[PDB]
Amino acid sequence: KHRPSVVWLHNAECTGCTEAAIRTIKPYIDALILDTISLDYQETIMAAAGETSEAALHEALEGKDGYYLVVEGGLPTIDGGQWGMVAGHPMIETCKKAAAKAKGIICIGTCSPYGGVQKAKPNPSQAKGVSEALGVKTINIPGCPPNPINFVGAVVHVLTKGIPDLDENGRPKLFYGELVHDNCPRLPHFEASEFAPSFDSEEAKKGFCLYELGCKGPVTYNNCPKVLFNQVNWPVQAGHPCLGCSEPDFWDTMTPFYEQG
């Protein structure tokens, strides 16, 4: 309408991505919400509850002029999608509905994009990504959770300028274009073969590379070192290796987080 309408869905998730969205500055959450978009459904912060919340949802999707769909969390597929329910309906059923007439679909977090932690072996709920589940191309903003800078960025850009340049796994190239390791301020140690053998060792106190401790920054695509989190830090700067969280199925692909294989 006067402000574009965004419908936000929560499925198999931890809410770490709604929390990351609100960590955004440039613009701050309220600004984005009052001035830019029209967040019409978002269970975590919406005032109405129960039937009233579903009426609100209905209204949004029936909106005289479209909506953009933001999906958080993967979809519980086992037992007809009944292991994940909202308003007495299965989560799959409802993303199916919302995605149907959605002007666009943005998957916030590694979970929605690629199935997530619930999809990690042995995957008891048989969860899957919004894409794998619906069978539609989605704009993935992976991460556990993603940098608000990347989310808000993609949202805005999708509302203004249109769909951004995506890589092979659907991630806007703008943010998921360079390897974490390539911008990592510890690269000189990695090249110099100066590795930290333990978190208690002098090398670790000295800031030596964390490859030996299992840093996946070398195979991870994200803007964490360049952009930082909360305008203040990021894992490797906190002396801890990157878990490769912006990567598909990372829970099983990066598994022994403290080992290189």
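Residue numbers run from 1 along the displayed sequence.
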Which is higher on mean Cα B factor in this entry, 172 to 180 or 72 to 80? 172 to 180
With respect to the recorded C-alpha B factors, which stretch has the higher mean value, 25 to 33 or 229 to 237? 25 to 33
Take the CA temperature factors straight from the PDB entry and tell me which of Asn123, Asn147, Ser112, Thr160 peaks. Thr160
Would you mind ranking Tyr221 by its C-alpha B-factor against the rest of the chain and naming the third, lowest, middle or highest? middle
State the tercile, meaning the lowest, middle or highest third, of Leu39 with respect to the CA B-factors recorded for its chain. middle
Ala127: C-alpha B-factor third of its chain, per the entry, is the lowest
Third of chain Cα B-factors occupied by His189: highest
Sorting the chain's modelled residues by C-alpha B-factor and splitting them into thirds places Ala87 in the lowest
